[PDB]
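Structure first, then comments.
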Amino acid sequence: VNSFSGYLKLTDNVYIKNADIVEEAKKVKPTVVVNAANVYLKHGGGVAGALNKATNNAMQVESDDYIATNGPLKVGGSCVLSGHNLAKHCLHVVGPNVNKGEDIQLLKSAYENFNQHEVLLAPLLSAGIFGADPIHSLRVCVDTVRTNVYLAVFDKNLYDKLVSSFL
Ligand SMILES: C[C@H](c1ccccc1)[C@@H](CO)Nc1ncnc2[nH]ccc12
């Protein structure tokens, strides 16, 4: 039993809800919130910009130190950093950004990072401003993640389309 509320159950391990991931994190304080990161951990817009804003830029300050020490992530890769006021940990995961010409096949590799954590709050990787089809992202999620994932879909219209089209 966990404290996630109001989710529709899609499979044994995947749950979905129309929600603002910032507000969800602030309410649940999950062990792990997933950020839709880029390789530079520059949290400008979309989920990343919103999460970082909610931390009063502390996420960005921590991320800049991480990059200065370690260099950029790989597309499809991840790192674990602090969750600040939102969660115990933030798993920064880089899905491919179609608006940059990156290979959509890397979306499965990106979701594989979730399997290192028993329970996660997360957005659909590569969706939104990353330019992929969210219906495809949900399919890859369900077919790749084996741990318990609670997906927050900000756009209510998109949420209804994902539910109604889910196979
Ligand atoms: C599927 C979602 C989306 C939103 C709008 C237009 C199309 C798609 C997603 C895409 O990355 N973005 C978010 N999801 C959850 N919580 C969020 N908080 C701030 C952003 C955000």
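In listed order, ligands and their atoms are each counted from 1. What you see below is based on every heavy atom in this structure, not just the backbone, and it leaves out hydrogens, waters and symmetry mates. For reference, positions follow the sequence shown, starting with 1.
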What protein heavy atom sits nearest [atom], and how far off is it?
atom	answer
atom 15 (C) of ligand 1	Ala152 O, 3.3 Å
atom 2 (C) of ligand 1	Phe154 N, 4.0 Å
atom 8 (C) of ligand 1	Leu158 CD2, 3.6 Å
atom 6 (C) of ligand 1	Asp155 CB, 4.2 Å
atom 11 (O) of ligand 1	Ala127 O, 3.5 Å

Side chain to side chain contact (heavy atoms under 4.5 Å, CB included), that's the test. Do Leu81 and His92 meet it? Break it down for me.
CA-CA 7 Å; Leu81 291 172; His92 295 272; 3.8 Å; yes
Is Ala50 in polar range of ligand 1, meaning some N or O pair under 3.5 Å apart?
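For ligand 1, there is no N or O atom that lies under 3.5 Å from one belonging to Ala50.
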So do [Y] and [X] actually touch side chain to side chain, heavy atoms under 4.5 Å?
X	Y	answer
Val119	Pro30	no
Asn148	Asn2	no
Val142	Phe166	yes
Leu41	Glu62	no
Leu125	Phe114	yes

Would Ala36 count as a contact of ligand 1 if the rule is a heavy atom under 4.0 Å away?
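Flag not set, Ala36 not near ligand 1.
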Measuring from non-hydrogen atoms of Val22 to any atom of ligand 1, is the shortest distance under 4.0 Å?
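Heavy atoms of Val22 never come under 4.0 Å of ligand 1.
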Of the choices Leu121, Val47, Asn157, which has the non-hydrogen atom that lies closest to atom 9 (C) of ligand 1?
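Nearest option to atom 9 (C) of ligand 1, by heavy atoms: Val47.
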From the candidates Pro123, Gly128, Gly131, the one that places a heavy atom nearest atom 7 (C) of ligand 1
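It is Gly128 that holds the nearest heavy atom.
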Could you tell me which atoms of ligand 1, counted from 1 in the order shown, lie closer than 4.0 angstrom to a heavy atom of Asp20?
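Those of ligand 1 that fall under 4.0 Å from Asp20 are 18 (N).
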For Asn70, is the CG atom crowded, meaning more than 12 foreign heavy atoms sit under 6.0 Å from it?
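Yes.
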Would you please name every residue forming a ring-ring contact (aromatic ring centres under 6.0 Å, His included) with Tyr7, sequence neighbours left out?
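Per chain and number, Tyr7 pairs via ring-ring contact (aromatic ring centres under 6.0 Å, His included) with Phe4, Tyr150.
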